[PDB]
Amino acid sequence: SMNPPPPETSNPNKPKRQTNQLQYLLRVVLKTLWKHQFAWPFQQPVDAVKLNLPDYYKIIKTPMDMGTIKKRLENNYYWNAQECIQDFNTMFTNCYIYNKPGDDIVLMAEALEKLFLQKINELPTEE
Ligand SMILES: COc1ccc(S(C)(=O)=O)cc1-c1cn(C)c(=O)c2ccc(-c3cn(CCF)nn3)cc12
């Protein structure tokens, strides 16, 4: 059984910015979700080997997790806030695609997603 390589968090030829919106995504959005009691299953790539989920990466072809997002934010990997927002939405959608409705992990994603939506509702206007 094998895991794929993780999503990239560094690419020197990808143009990058540090914007106030991206700072908010790190200081408010990521930090709020990361400290949550339900954050742990989403703090690193899904380890399909250790979890005995050989079909995970057969179904999920765009993996994403908050460990990757955290590294991307700390490395100033993004050009804009929408790119980072898309990563969070990919992570939530993957969870809903792979898992059964009402599974514990789905309730955990839903709780993080509720907070995510509350925080991005107040994404600051770009300076
Ligand atoms: C509590 O969930 C986790 C804990 C630790 C890590 S880990 C080693 O990567 O740090 C990952 C997860 C995890 C995350 N996500 C996003 C998922 O969709 C997901 C889906 C299924 C399972 C799972 C299924 N079964 C057997 C029943 F079929 N056992 N586990 C795990 C996950």
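FYI the Cβ positions are ideal-geometry reconstructions off the backbone, even for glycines, and counts take in every protein chain you see. Throughout, read-outs are computed from the coordinates displayed, never taken from laboratory work.
Some observations on this one:
- Filter result for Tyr56 (over 14 Å from the mean Cα position of the chain (by Cα) and in contact (Cβ under 8 Å) with a residue 24 or more places away in the chain): yes
- Some residue of the stretch 93-106 being more than 10 Å from the ligand (Cβ to nearest atom) and in contact (Cβ under 8 Å) with a residue 12 or more places away in the chain: no
- In the stretch 53-98, the residues that are out of contact with any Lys or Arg (no Cβ under 9 Å at 6 or more places or on another chain), buried (at least 18 other Cβ atoms within 10 Å of the Cβ) and outside any helix (DSSP H, G or I): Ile60, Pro63, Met64, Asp65
- One residue from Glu83, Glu110 being within 16 Å of the ligand (Cβ to nearest atom) and over 17 Å from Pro45 (Cα atoms): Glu110
- Of all residues in the stretch 34-43 being more than 15 Å from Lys71 (Cβ to Cβ) and in a helix (DSSP H, G or I), the one that is nearest to the ligand (Cβ to nearest atom): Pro41
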